[PDB]
Structures are given as structure tokens and as C-alpha cells.
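Asks: Got a sequence here, can you model it:
(chains A, B and C)
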Amino acid sequence: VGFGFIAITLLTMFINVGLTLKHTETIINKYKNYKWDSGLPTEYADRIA
Amino acid sequence: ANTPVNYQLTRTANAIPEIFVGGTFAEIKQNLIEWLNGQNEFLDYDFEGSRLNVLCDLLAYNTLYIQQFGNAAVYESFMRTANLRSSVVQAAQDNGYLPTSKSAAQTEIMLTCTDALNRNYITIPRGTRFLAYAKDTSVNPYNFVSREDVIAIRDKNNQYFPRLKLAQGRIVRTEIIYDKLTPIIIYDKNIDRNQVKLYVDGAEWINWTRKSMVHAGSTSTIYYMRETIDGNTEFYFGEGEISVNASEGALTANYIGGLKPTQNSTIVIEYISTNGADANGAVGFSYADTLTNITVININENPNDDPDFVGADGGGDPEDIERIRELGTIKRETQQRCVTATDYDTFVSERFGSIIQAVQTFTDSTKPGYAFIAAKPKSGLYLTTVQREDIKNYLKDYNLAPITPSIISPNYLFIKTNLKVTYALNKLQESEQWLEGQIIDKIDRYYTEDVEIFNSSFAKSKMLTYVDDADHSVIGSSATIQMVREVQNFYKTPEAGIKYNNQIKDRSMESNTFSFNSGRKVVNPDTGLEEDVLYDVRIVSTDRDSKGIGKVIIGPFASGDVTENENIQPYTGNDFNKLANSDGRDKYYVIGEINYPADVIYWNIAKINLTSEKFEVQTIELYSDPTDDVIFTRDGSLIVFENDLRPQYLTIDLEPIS
Amino acid sequence: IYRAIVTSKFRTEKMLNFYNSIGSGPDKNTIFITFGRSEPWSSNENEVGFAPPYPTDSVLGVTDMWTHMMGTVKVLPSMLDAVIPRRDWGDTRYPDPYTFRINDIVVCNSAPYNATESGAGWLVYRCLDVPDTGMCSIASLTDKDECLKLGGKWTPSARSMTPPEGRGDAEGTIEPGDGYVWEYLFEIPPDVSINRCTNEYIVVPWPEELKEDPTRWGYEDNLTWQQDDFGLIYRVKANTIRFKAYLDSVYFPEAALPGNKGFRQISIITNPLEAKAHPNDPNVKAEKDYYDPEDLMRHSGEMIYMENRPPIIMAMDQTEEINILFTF
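Replies: Residues are numbered from 1 along each chain as shown, chains lettered A, B, ... in the order given. What follows is the structure:
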């Protein structure tokens, strides 16, 4: 008693961004690069258009 | 709208564990009669067969006989469920708050007395008794005694007034040898624990507890009270480590509880039993005990006049279970030292609880450092300035240091009423006049029953119910209210103005007539000089104006009284109400203005430039008629019933009928 | 007590910043991708069903991964694309080729069965409205409209006649008749399609890259009314980026040599600094496409994402490819 007081109000917000973020899945690939600079020799043929 | 709910609040207003609740016997049996049934031992036996029935019927009788024992104890067991009052105090006493016995009618006097001896200093020793007739009755005075020693400087001219304050009763002192095993009873009724002071051998000890309690006295000096269930008070003090504990400030330490006694510390106590609550308003005093060489030449009532005051004070019932019951919880809540506003409410309620029916603790946000208090002298509306000062300082004991207590009686709405009440002559053999003396009690009854409690909306009619209820030989009852406030300055409205909180009829805003000194001269044969002329005026509201406003019309003015200014003109409107004067003076000015919807009312006499002092009286009473049935209160503005001090506010017409 | 949400767009938004954030040289991120740990998980590691131990994140875990690291590869922003899961109209193999759900996104022209129209790149339609008869996700409701008025999902009974067509705003095969209605988005030009598209995930164009050609992406046609717009990715709400990278033996022959048991685990790193002979020398961010882990400063740059696999064995003259998809 005997005192007033003055009141300012505030607010905060608590939010998860990251839980949604993840890495889904990772994949890779196997390739045969045609550079020239080769002989055939092993095997033959095989895949034929 | 109103209150939607999700499963809200809790368990009604207050706990009733309600397994305890006493039920109706038949149901009790009805419950129990089932109980014996289903009992594995017999599923056969028919209870409605009257033979077993009355047999089981009996079990419930005891079971009910025994239950109210078990149940009531619980009500008892739990404060605020406690039905016994001497219960209530116990837990309250336990909570660190006690209700007190009727508290002596108290007052102050200054008295001018010549010492026959002409010594520099006489004392008035504590214990000189004075007599006061109760108000209007001289058949017996009420004795009352000097509270304490006081001395007075002899003034020159040899006459000098001491002053001293006075509580009612007789000093009654009793020495007792203290002993280890024994109660210490005072069987005295009319005792009050507040005027109880004592002496161990020599020095005074204080029950810590609302006498001083903060001083260097180290707490070794102390004692307690308690209420014997009988109604008489027994003494108590702490035994062994009477101070907090152990070594504390002494280097030798060891143990001291005091009061061995063997015979040590023969306890002599001194107190006043009192007739109080009957003695309030005792004006005429006597100097009822002589002393050596002192002679009172005059005892003059009430130094530092209120000016509105009555004789003595105090007394008290003592007891009320309702005001007491919840209350100590706050003191159970608060510590000794008072901190919270309502803590200042309840704390004040302790001492001068019999002085104060209701006390309003609040801050005024304007002035910090001040504890603003609105209380009910409960004998009247105005605590005499010494009381105010009194409890203040005493209150001020418990308080935050920079804080100051500030006590003011708030403004008071006054209900000004003429009453029209009919009765059948024949129907009553009883003296007609005394009937009025009857109702005039039952009027405040409603107030005390209601209005001062919450200071909520006020119901005229509902008031008129109980006065209707009075004789039942009263045939009918009628009344009409005029809402009335009092004004401190006629001259300038309080800054904020004044508001009714309550809708009034337009043009129904009135005030009191009062003279005004006018510079113009009067002389009459044999009268001679005769100062000048003075006539009377009053405060008048004009009609409602659009936007619910009105301008305050001054009372009528004679010509040449008010210097006419190009700005200020005689209002000279058609509407505004006018008193009828022999002057026929038609000069009326707007001194200020109002609006009816806001109920806020302002004027300034600086407006009309008329001098404050050419008015005789500083305060004027305010008249108004609220258009609404019931009176609404908000803050510090409370309707209340004081007829005795202000009868003109309360009038009753009596209609005899055959 | 309040309730609040983030729009799905913000998923997209994170990406766009993040997409913006890969820098070239200065003051914007640079990304390296690293492989390592010749070392065997355990003798089993090779066997079927083998799952490497769940990775650990720590300055310790870092060090070890930083220890074994075989090789490192940069990433150019042009190898980063927004993508959404590909679904083609009419594809028999996968269920309900002909049954589309509201707001589903349909690619057209991708395949002969798909293809309505020759001489145009892939199309991307979204399906606004679905046949009235169908099934509700909430078993309680037999009406599409009521299912949806409440918001439960609805599965339509009737299949689409044809994959949608026309550049215009909702088409939808609305007039003549159909249960499906169709909204047009943009057309994908062929070159980007073939090279970017994984049959599960079409590649979605960047707004900047969009700023360049609205036409090559077929977006020039529409209506924005904001003037340039181009914020199209908001409309598709792609939350998923595809990292594409290229490993080659040549940069790292040593790990390529015959008989390597291969690298167990993968790690990406952002903004590493070059090796310096003298530590007082000023730091240098890493331009070149590959760095031996040596040519990189110890612990330099940050590795966001750590990975552990059963062993994969690289071989010289083999060419290995990595794709990674972040869902923000």
C-alpha cells in the first residue's frame, strides 16, 4: 500500500523450426564414363541397342 | 454472455468434506438399513419386517446421537467452520490474532486547574477517576479514570491547564505471588486485555502482542493472554529460554526463563474493568477524584475540536463471530508487522476494532509514502483527531519505514428522508411515541445489517422493509430520499468536481441556502451603524441541457451586489429553480456547470469574482434527488446512517389511524 | 492460451536463402563433400543387412571423420536444384496412374503414354478438383464436398480420361466433361529435364534462373499481375533441395587403386580454408573442385551432415555419383 506502480507488458514466442528440417535420404550412382582412351578388351557385346 | 464454464472453480464456496454432514435420521437409517442388508451373514432377513426395523431403527438413533458429536467437532475443529465463538478465538488466538473483551470508553480532556501549592509542576498521578453522565442522562455518571501520570508546567498568572486522556472504568490492580504449578486467572468480567498492564516485581512486562513490542527490551520481558473457555482471562508468560534461545547477547549464556518463582517476582497487575459500549457519547464530565493541593477551576471538553464529537468512545460488545472469523486468517496470513493494504485493514481491525465498524485501507496514487485510511468510528462517521492521531502512531508502529499512515474520513453520501408510516391506534395499546423510538432503531438495523458492510448499491425500499417490520401494528410505511453530500468549499468545487455515482433528475440538483455578506449598507433606527447588508443564497441547478449538461445557477442577487462584467451576466434564464426571497432579487449567475450522465458537478466562485470571505460559512450541505430507485456507491463515497448527530438528514412522519 | 503456425512456404524460404548462401569466393558459403574410412566397420560390414553404427556428433566424432577422410569435392550452386516428387499421368506400373487427388502435381509429356504433345518440354499441372464420387479419408463421410467442407481427405473414384492440357488458367477439361479440373503451372524445357530429372523427383527451377527465361520454363505466359513475380517455387511449395555431386577416380587415384575396400562414410563440409605452410599466413577459402584432405587445413570449414554406410568400393575408371536431398 502507499505505492502505485507502472506496468509495461511483453510477450515471447517459442517455436520449433528445426524438428521439421532433416535429411530425407541420400543416394548415389554407378556410371561408365566414355573418355575414349581405351581398348575393349574384357568381354564384348553385352548391351546392344 | 454471463459465465460460460469449463468444469471450473472448486467445491462450492468453502470446504464441506460432507461425509461429515448430518443427515436426516430416516435417511440415516435409510442409508444404514441398506448397510445391514447385503451383509453376507444374512441375505434372508427382511428389514421392513417391523420387528428388525425398530431394532435397526434404534442403532441409527445412537448413530445419529453419536454423529453430531463427531460432525460438530469438525465444524469446531476448523476455523471459519467453528460455530462456537470461544472456539473461534482459540484458532484466531492461535493464528496470532485475538478478539478482545469490551474496550473501555476512552477520551481526552484538557483541564485548567490551579494548584493551591503553586509548585512549578504538579503531576496528575495515574488513576484519578472522573465521572461522565451518559448522553442526555444525568441519573448516573460513568466513572472513568486517569489513564496515566501527566504533569503540567505552571503557566505564569499561576493558572495552567494540564491535559490528559481518559479511559472508562476503575483502575483495578492485583498483586499475585507467581508459582510454578498454578493457573493465573482474573475472574473479572468487564476486563479488557488492551487496558491490562502489569508489574512483575518492579518493571512492567508487555504481552508482546500489541503493546509496543519493538524496543530494546530484549523479549525477556514478555507474557501472553488467553481466554478461559469460562469467559474470564488467564495470564501467561513464556517459561524457560524466555528470549529466543541460548547465549544470544549474554557472554555468560547458561539458561534464564525467569519467574522461578520460589517467591521471586511477585506479580502485580493493574487493569480497568468497564461498563463500556453503553458510555459512548458522555459529554458532561466531573472531576471525580481530588488530589493534594490541586483544584480544577475548569474542565473544558474536547481540546482540538473536530468540531463534531461526542463524549468518550470505545466500550464494545465485545464479541462478534462474523467480523472475527475470517479476519484472523489475514493476520494468520500476514506477519505481525502490517504490510498489505488489507493487512492494514485487518491490523487496524485489531485495535479500535470496537472503535471501527469498518476501515478502508487504500493508497492514493498521488501521494506515496502515505497509507490512506477510511474508517468508521461506528459511534459516528468522524474519529476525533486524537483517535486519528492515536491509532495512527500506534498503527505507525507496524509499517514500512518510509511509509506514513494517513487517516481521513472519506466523504459520505447522506440519505435525507421524510418517512410516512401509518398504524392503527386501537391495534396498539403501546405508547405511540415509543413506536417511533422503536422504528428509529430498526432503521439503522438495516444499515448495520447491510449498507456499511459492502458499501454497495443501496435499496431504499428494502430498507423500508424492516421499518415496515417494526410494530406489525404499523399499518403502512412510506418514505422519500434526498441524496445528500457535504461540501468542504462552497467557494471552489473540488478540482475533480463531485459525482453522485447515481443518476439524478435534472433540475432536481439543489443545495443549502446560506447567507451572503453584501457590501451594501443597512441602518435602522436604534440599530445604528449595522455593518452592511447580508442576504442568503443557495446553489441551484438549471435544467438539463442537451448532452445531459447543466450550468450551476447561483442564488438570487440584489442589484449592485455583484459588479457586472461584460463577460459575466445575470443568467436570467427561464428554467432555473429559484428560492422565494423577500428581496425579489432576480440576479442569478452561472457559477459553474454539470452534466447529468456523468453525475459530475463543478463550479468556481472565482468565476463570478465574488469574494470568498463575503460568505460566512465554509461548508455547505448538498441536496439532490437521484432519479434511480437504488443508490450506487463506488469509492470512499458511502451512504450511511447517522441520525443522532445529523437528525435533519433523517425525519419520520407518523400517521395515526384508528 | 494462443495457437500459432509457420507456413509451409517458410520451408521453401529457408532453401532460397540457403540457395542464395552458397557463395563463389567471398563471404558466402562454399561447400565440400567428403568421403573416407577405408577402414572396415566390422568383418560383417560387407554382409547383407549390415547397418553401420549410428554416427556420433562431437569434436571427437568430427576428428575421426576428419581423420579418415579420403577426398573432398566442391559444389557449384548450379548443382543445387529445388525438386518435388515426380508423378506422371497414366503410368501403369505405379498405383492409380489415372486417379489424382486435389492439389496433386502432375507432369505431362514425360513419356509416350504420358505424352499428349510432341515438340514441347515436360508440363506440370496441378489438379484442382477431383471426381465427385470417391472415398473420404474420414470413414464417416460419404460426400466429397462434405468430406472436404470438413477438410478430411477425399479419394475420388473416377479416373482421369487424359492428362491435362493448355497453358490457360484452370482448364480443366472442365467444360466438355471430366471429374478432374486442371491448373497449369509452367513447362519444363527438355534439356534440363533429361539431365536434371530423377524419375522420382522433377527438378524445380530457381526464381533467379526463372528471372532469366520465363519462356524456356514456359512461365512467360501467365498473368502474374504483380509484374514480374517469378516466385513460382512458392506455388509448388518445394521444401526439398537435391544436391548433385560427381566423384571421379582421377582426382583421387590413390583411393581408386585396385583392391581398395572403399569408403564407409560420407561427409559434407562448408567453407574450409586452404592449407598454409605458415599458420600466420592469411586463410584462403577453397575454390578447386577437389582437394586432398591434406590440401585442406585441419578441421577447416564446417561439416553439417555426417553419414555412415556399409562399405562402398570405388574403382578407377569407374565413375561414381552422389545425390542428396535435404527436406527443410
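Asks: which ones are touching the nearest residue to residue B:211 once chain neighbours are set aside?
Replies: Distances taken as C-beta to C-beta, 6 or more residues apart in numbering or on different chains place residue B:197 nearest to residue B:211, at 7.7 Å, with adjacent residues excluded. C-beta coordinates here come from the backbone N, C-alpha and C atoms, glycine included. When contacts are counted by C-beta atoms under 8 Å, 6 or more residues apart in numbering or on different chains, residue B:197 touches B:204, B:206, B:211, B:269, B:270, B:271.
Asks: Write the ChimeraX selection for whichever of those residues are buried.
Replies: Of the contacts of residue B:197, the buried ones can be selected in ChimeraX as follows, counting by 16 or more other C-beta atoms under 10 Å in any protein chain shown:
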select /B:206,211,269,270,271
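Asks: picking that back up, dig out what the residue nearest to residue B:211 forms beta bridges with.
Replies: Using DSSP bridges, the bridge partners assigned to residue B:197 are residue B:270.
Asks: State the distance from it to residue B:318.
Replies: According to C-beta to C-beta, to the nearest Å, residue B:197 and residue B:318 sit 19 Å apart.
Asks: for residue B:26, same thing?
Replies: From residue B:26 to residue B:318 the distance is 42 Å (C-beta to C-beta).
Asks: Look at the two and report which has more neighbours.
Replies: Between residue B:26 and residue B:318, counted using other C-beta atoms under 10 Å in any protein chain shown, the more crowded position is residue B:318 (19 against 11).
Asks: Would you double-check that that one falls in a helix?
Replies: No - Residue B:318: not assigned to a helix; according to DSSP: H, G, I helix; E, B strand; the rest coil it is coil.
Asks: how close does it sit to residue B:193?
Replies: 10 Å.
Asks: which neighbours do those two share?
Replies: Contacts common to residue B:318 and residue B:193, judged by C-beta under 8 Å, 6+ apart, are B:100, B:101.
Asks: Correct me if wrong: residue B:350 contacts residue B:194.
Replies: No - with contacts counted by C-beta atoms under 8 Å, residue B:350 stays clear of residue B:194, the gap being 9.4 Å.
Asks: These two - which one has more neighbours?
Replies: Higher neighbour count among residue B:350 and residue B:194: residue B:194, with 23 against 20, using other C-beta under 10 Å.
Asks: Residue C:167: neighbouring residues, count only.
Replies: Around residue C:167 there are 16 residues (other C-beta under 10 Å).
Asks: sorry, back to before: quick one: common contacting residues for residue B:350 and residue B:194?
Replies: Shared contacts of residue B:350 and residue B:194, counting by C-beta under 8 Å, 6+ apart, come down to B:100, B:210.
Asks: Which helix or which strand is home to residue A:30?
Replies: Taking DSSP states H and E as the criterion, residue A:30 maps to strand A:22-32.
Asks: Return the set of buried residues in that strand.
Replies: residue A:26.
Asks: could you show me where the strands are in the stretch 201-328 of chain C, in order?
Replies: C:201-204, C:240-248, C:265-270, C:290-291, C:318-327 (DSSP state E, counting those that start in this stretch).
Asks: list the helices and strands the third one packs on?
Replies: Packing partners of strand C:265-270 (3 or more C-beta pairs under 8 Å, 6 or more residues apart in numbering or on different chains; DSSP states H and E): strand C:31-36, helix C:59-68.
Asks: Does residue B:195 touch residue B:168 like I think?
Replies: No - using C-beta under 8 Å as the test, residue B:195 is too far from residue B:168 to be in contact (9.4 Å).
Asks: who's more crowded, the two?
Replies: residue B:168 (31 against 24).
Asks: Isn't that one up against residue B:312?
Replies: Yes - between residue B:168 and residue B:312 a contact is recorded at 6.0 Å, counting by C-beta under 8 Å.
Asks: overlap in contacts of the two?
Replies: Common neighbours of residue B:168 and residue B:312 (C-beta under 8 Å, 6+ apart) are B:105, B:106, B:132, B:142, B:144, B:279, B:282.
Asks: among those residues, which are in helices?
Replies: Taking DSSP state H, every one of those sits outside helices.
Asks: what about residue B:550, neighbour count?
Replies: Neighbours of residue B:550 (other C-beta under 10 Å): 23.
Asks: go on, the one 3 residues further on?
Replies: Residue B:553 has 28 neighbouring residues, counting by other C-beta under 10 Å.
Asks: Now do the contacts for it.
Replies: Residue B:553 makes contact with B:539, B:540, B:541, B:542, B:571, B:573, B:576, B:577, B:588, B:589, B:590, B:591, according to C-beta under 8 Å, 6+ apart.
Asks: Now with 7 Å, please.
Replies: Residue B:553 makes contact with B:540, B:541, B:542, B:571, B:576, B:588, B:590, according to C-beta atoms under 7 Å, 6 or more residues apart in numbering or on different chains.
Asks: which SS class is the closest residue to the second one other than its chain neighbours?
Replies: Counting by C-beta to C-beta, 6+ apart, the nearest residue to residue B:541 once its immediate chain neighbours are dropped is residue B:509, at 3.4 Å. When the structure is reduced to helix, strand and coil (three-state DSSP), residue B:509 reads as strand.
Asks: And residue B:509, how far from residue B:578?
Replies: Taking C-beta to C-beta, one finds residue B:509 at 14 Å from residue B:578.
Asks: and the strand holding residue A:30 with strand C:265-270, angle?
Replies: 110 degrees (axes from the mean of the first three to the mean of the last three C-alpha atoms, to 10 degrees).
Asks: other SSEs contacting strand A:22-32?
Replies: Under the contact definition 3 or more C-beta pairs under 7 Å, 6 or more residues apart in numbering or on different chains; DSSP states H and E, strand A:22-32 sits against strand C:318-327.
Asks: Run me through the strand neighbours of the strand it packs on, direction for each.
Replies: Paired neighbours of strand C:318-327 in the sheet (DSSP bridges): strand A:22-32 (antiparallel), strand C:240-248 (antiparallel).
Asks: mind saving the C-alpha coords of the longest one as CSV?
Replies: Provided in CSV are the C-alpha atoms of strand A:22-32 (Å, rounded to 0.1, in the frame of the first residue of the first chain):
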residue,chain,number,x,y,z
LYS,A,22,16.1,-33.2,-41.7
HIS,A,23,17.9,-35.1,-44.4
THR,A,24,15.4,-37.3,-46.1
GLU,A,25,17.7,-39.8,-47.8
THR,A,26,21.0,-39.9,-49.7
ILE,A,27,21.5,-41.8,-52.9
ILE,A,28,24.4,-42.3,-55.4
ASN,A,29,25.0,-43.8,-58.8
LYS,A,30,27.3,-46.1,-60.8
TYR,A,31,28.5,-44.9,-64.2
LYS,A,32,30.8,-45.9,-67.1
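Asks: what distance separates it from the centre of its chain?
Replies: Taking C-alpha atoms, centre = their mean, to the nearest Å, one finds strand A:22-32 lying 11 Å from the centre of the chain it belongs to.
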